[PDB]
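K.L.:
this is the structure alone, sequence omitted:
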């Protein structure tokens with residue numbers, strides 16, 4: 001995994017290369033206005049220790065933070081999402097604590113509204129591979145990284161609401 005963070009736009013000024021998770025990037029750069037992912041899939045976070053707004057980024061050039069959906073130029077921590085080949089699988093629940101109707105999802109879902117007539121998800125279990133949960137349909141609004149484990153309440157994936165409109169498997173372009 002190789003990613004480079006730059007303080008200014010169009011890959012100008014101070015930069016820092018990273019190749020593994022880092023719960024605190026501040027000692028390496030004061031702001032982030034552009035990024036180049038040379039390899040791997042990443043989860044970036046506005047504050048250290050993996051909190052604040054989250055942004056998923058795959059290989060490519062990001063000359064300005066709007067290219068990543070950034071809320072601003074603060075990138076304080078990052079996760080190198082472990083690569084996963086084969087079957088990605090998760091189960092969504094209408095109610096918290098794994099209650100009510102459950103749906104098993106194994107592919108990207110650009111819209112839970114269209115497929116399940118669902119606006120919100122109260123609990124979820126991921127069984128294999130990491131995913132990316134988005135607040136609105138079509139991988140829009142707030143982003144949340146989901147790694148294999150139980151999420152009994154939307155707070156476990158750290159959202160501020162139960163709105164879940166889309167899901168994306170964390171996969172390289174290849």
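P.N.:
Done, it's in. Residues are numbered from 1 along each chain as shown.

K.L.:
C-alpha only now, for contacts and for neighbours.
P.N.:
Noted.

K.L.:
residue 118 reaches residue 112, doesn't it?
P.N.:
Yes: with contact defined as C-alpha atoms under 8 Å, residue 118 reaches residue 112; the gap is 5.6 Å.

K.L.:
how about the helices in the protein?
P.N.:
112-116 (DSSP state H).

K.L.:
sorry, back to before: what residues do residue 118 and residue 112 have in common as contacts?
P.N.:
Counting by C-alpha atoms under 8 Å, 6 or more residues apart in numbering, the common neighbours of residue 118 and residue 112 are residue 165.

K.L.:
between those two, which is the more surrounded one?
P.N.:
Higher neighbour count among residue 118 and residue 112: residue 112, with 19 against 14, using other C-alpha atoms under 10 Å.

K.L.:
how much space separates that one from residue 51?
P.N.:
25 Å (C-alpha to C-alpha, to the nearest Å).

K.L.:
I figured residue 138 hits residue 111, correct?
P.N.:
Yes: assessed by C-alpha under 8 Å, residue 138 is found in contact with residue 111 at 6.1 Å.

K.L.:
mutual contacts of those two, please.
P.N.:
Contacts common to residue 138 and residue 111, judged by C-alpha under 8 Å, 6+ apart, are 165-166.

K.L.:
higher neighbour count, these two?
P.N.:
A count of neighbours by other C-alpha under 10 Å puts residue 111 above the other of residue 138 and residue 111, at 20 against 16.

K.L.:
contact partners for that one?
P.N.:
137-138, 165-167.

K.L.:
likewise residue 154?
P.N.:
Counting by C-alpha under 8 Å, 6+ apart, residue 154 has contacts 121-123, 160-162.

K.L.:
same check, this time on residue 107
P.N.:
When contacts are counted by C-alpha under 8 Å, 6+ apart, residue 107 touches 88-89, 168-169.
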